[PDB]
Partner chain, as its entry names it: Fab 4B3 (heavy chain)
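Below you will find one chain, with nothing else, as structure tokens; this is the form solved without the partner chain, and questions on how it binds or moves follow later.
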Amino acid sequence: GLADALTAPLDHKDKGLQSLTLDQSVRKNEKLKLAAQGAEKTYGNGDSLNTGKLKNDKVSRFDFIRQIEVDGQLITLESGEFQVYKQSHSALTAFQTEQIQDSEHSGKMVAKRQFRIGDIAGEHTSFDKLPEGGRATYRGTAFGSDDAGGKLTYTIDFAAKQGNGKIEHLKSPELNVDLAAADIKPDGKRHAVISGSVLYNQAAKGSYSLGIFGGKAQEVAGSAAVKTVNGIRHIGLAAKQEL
């Protein structure tokens, strides 16, 4: 239900995650206009996105237009597909660009394809409220440009406050990376966060960032950056425990 997400307001009866604050998806004085199934809505840095109407453990797809006010007029910067991955206590956004503004002329749109991770939000797990011991296994999706079929496996030893994972089944082989052993550290607001190295053929290709979401640390959500023969590639990460 893509149209309801843009038109219908916030309702507590809808499946979680109900709301998502668009911060890293929309810059301060820029506008992001989303359109799907005849519906249309504009945002808004700090504006809420009704994720509640969207289906869980799936990629929700919308058409996007990114604009900026130049001389009191909204000029298009980039356009393409806006992706939203929903889970119970977490959710994340991604952008697949199809058209961008010409380097030399504003108002002239050129065909360029860039994939980037937007926001990673939800009900953050407190570092001070994490389980004192035990091992948790997280299973979910890893998704890049033109591929949402990747399968993510992540493991957290709560006694050691350390995590390790793996990405599999992505079409691009260089993206099926290992999420190296990394320490869970407290955030500025004291949220449980994990950041470590990304490896392909036991060589460092980038970094990964994850946030622990849910009261009982039910989920993990974040992203990874991988160096490939054709450039730096971004992977959206989201996994959950057994319900």
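Residue numbers count along the first chain shown, from 1.
Beyond the structure shown, there is the form solved in complex with the partner chain, which is absent from this document and is the topic of what follows.
Undergrad: Using heavy atoms and a 4.5 Å limit, would one call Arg190 a contact residue for the partner chain in the deposited bound form?
TA: Yes, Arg190 sits close enough to the partner chain in the deposited bound form that at least one of its heavy atoms falls within 4.5 Å.
Undergrad: Any of the heavy atoms of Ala159 lying within 4.5 Å of the partner chain in the deposited bound form?
TA: Yes, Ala159 lies within 4.5 Å of the partner chain in the deposited bound form.
Undergrad: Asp63: heavy atom within 4.5 Å of the partner chain in the deposited bound form?
TA: Residue-level check for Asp63: no, no contact with the partner chain.
Undergrad: Applying a 4.5 Å heavy atom distance criterion, does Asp183 contact the partner chain in the deposited bound form?
TA: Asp183 belongs to the contact set for the partner chain.
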